[PDB]
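Worksheet for the structure shown next.
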Amino acid sequence: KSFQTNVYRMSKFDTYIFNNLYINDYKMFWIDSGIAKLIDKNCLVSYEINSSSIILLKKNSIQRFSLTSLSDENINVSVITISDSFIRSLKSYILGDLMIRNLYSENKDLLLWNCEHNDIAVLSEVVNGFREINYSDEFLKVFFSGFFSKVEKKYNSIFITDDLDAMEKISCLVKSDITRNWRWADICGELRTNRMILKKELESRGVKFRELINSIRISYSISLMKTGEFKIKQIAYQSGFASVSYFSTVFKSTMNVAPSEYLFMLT
Ligand SMILES: Cc1cccc2cccc(/C=C/CC(=O)O)c12
């Protein structure tokens, strides 16, 4: 209930490409074997990852990156999405060393951690739905809080962001009424904050207002598909779009696949 997991297949030189992918909850992913090339267009860097490389994606970030297989054998990419309720049950473990956390920055939204075998084992059983070694809530809180702490320490940057951060307020507001016809005036009035102030959250992420709203609605539609909802026409309108055609165009530009192709990837 605290984790949502998926496994995707990559064949030889296959490439997943994401543009303006809004991260609605903390995510992490890794490959099970072989070598892959990760190109991060936000940080203008590229590097190779292996079966020990764990990639962390920060909540409320807007991602622009590609992942390419460099291996002959088929690669499985495992993606874990961590629920906000679980993340908040961690706020007592992290923040328990808080004024050392005050000296951190907040630029990095895509982090890399080279882990050992036991980390992969715990994370793999999470993706397996806890069907073999089940874990207690205490073990998982200690494991994940310790994991985030040492990755934050490595980059000297905040990963678990605070609840009163401006982009979190904007995101939670849009997600609480996804079909509302959002405009700048609605955000300013609900947050009682000047547009000169809120616009910094969009500029530092490289998005206009419509692309921000569109990106949140796309990640909303992805959560809907993950529940087993299969009717694309329903998903388009449930996510707040005005037409199936516009939803599919925005989805394709974000995910590089048509909505129906991703829905089948989830099975
Ligand atoms: C994040 C990621 C990383 C690497 C490979 C991937 C392959 C397919 C889909 C996704 C993301 C799917 C949306 C989500 O899970 O919220 C993916």
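The values are calculated or read from the model by the stated rules, or taken from the named source; no laboratory read-out is quoted. Cβ coordinates were reconstructed from backbone atoms using ideal geometry, including for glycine residues, and neighbour counts include every protein chain displayed.
Below are the figures for this structure:
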read-out: Among the residues listed as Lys1, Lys59, the single one being surrounded by 16 or more Cβ atoms within 10 Å (Cβ to Cβ) and out of contact with any strand residue (DSSP E or B) (no Cβ under 6 Å at 6 or more places or on another chain); value: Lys59
read-out: Hits in the stretch 209-219 - residues which are away from the ligand (no atom under 13 Å from the Cβ), within 17 Å of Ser61 (Cβ to Cβ) and out of contact with any helix residue (DSSP H, G or I) (no Cβ under 7 Å at 6 or more places or on another chain); value: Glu211, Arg217
read-out: Test: residue in the stretch 103-115 that is over 30 Å from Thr15 (Cβ atoms), in contact (Cβ under 8 Å) with a residue 24 or more places away in the chain, assigned by CATH to the domain that holds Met28 and in a strand (DSSP E or B); value: yes
read-out: Which listed residue, of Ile235, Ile197, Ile222, is part of a helix (DSSP H, G or I), of a type outside the set (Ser, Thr, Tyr) and away from the ligand (no atom under 16 Å from the Cβ); value: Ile197
read-out: Residues being under 29 Å from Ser2 (Cα atoms), within 14 Å of the ligand (Cβ to nearest atom) and surrounded by fewer than 18 Cβ atoms within 10 Å (Cβ to Cβ) - total across the stretch 27-39; value: 1
read-out: Residue that is surrounded by the fewest Cβ atoms within 10 Å (Cβ to Cβ) [pool: residues in the stretch 71-102 that are among the aliphatic types (A, V, I, L, M) and within 16 Å of the ligand (Cβ to nearest atom)]; value: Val79
read-out: Check on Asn42, in a strand (DSSP E or B), more than 12 Å from the ligand (Cβ to nearest atom), under 24 Å from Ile222 (Cβ atoms) and not assigned by CATH to the domain that holds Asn256; value: no
